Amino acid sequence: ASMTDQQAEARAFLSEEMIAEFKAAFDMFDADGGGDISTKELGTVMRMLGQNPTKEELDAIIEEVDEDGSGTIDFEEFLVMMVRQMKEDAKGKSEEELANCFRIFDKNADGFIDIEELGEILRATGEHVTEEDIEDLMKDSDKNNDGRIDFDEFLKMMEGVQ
């Protein structure tokens, strides 16, 4: 992926109204109307738009985009950086939520989901699940054949591909 390839993929990931919303905030720091902002303002615009880069991440980005020393980042490069951050933050949110889901499923807090806990959570959804359906999910998710689902197997069960 060239930079332009990365920029075309960044644009394809976002709806056009979202792109124009991001440009409306970006434009408030341009002033000069040139299609770019100081790299000193990148963190501010990113956080205004709901992203949370660390300082180390921002330094890494600035160094990626400011090799000519102009001290600016353009809008197309800004979109590439926003999509990278959106993907990273969403990944972190999903892992955090899966760890909370496991702590709820594991009613007895022993570090495993057993067939009784699994049957009880699935029946409470209201779905017409049978004991055979519950046993089939258990057997398919239980990689090491100990009769239970630990957090590593839970992550694989839920994420599915993984």
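Residue indices: 1-based, along the sequence shown.
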Which of 88-96 and 68-76 has higher mean CA B factor, as the PDB entry lists it = 88-96
Entry-level comparison of average CA B-factors, 5-13 and 141-149, reporting the higher stretch = 5-13
Which one of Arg47, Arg103, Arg123, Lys55 shows the biggest C-alpha B-factor in the PDB entry?
-> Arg103
Return the residue from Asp114, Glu127, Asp32, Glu131 that has the highest Cα B-factor in the entry.
-> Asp32
Which third, lowest, middle or highest, does the CA B-factor of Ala25 fall in along this chain?
-> middle
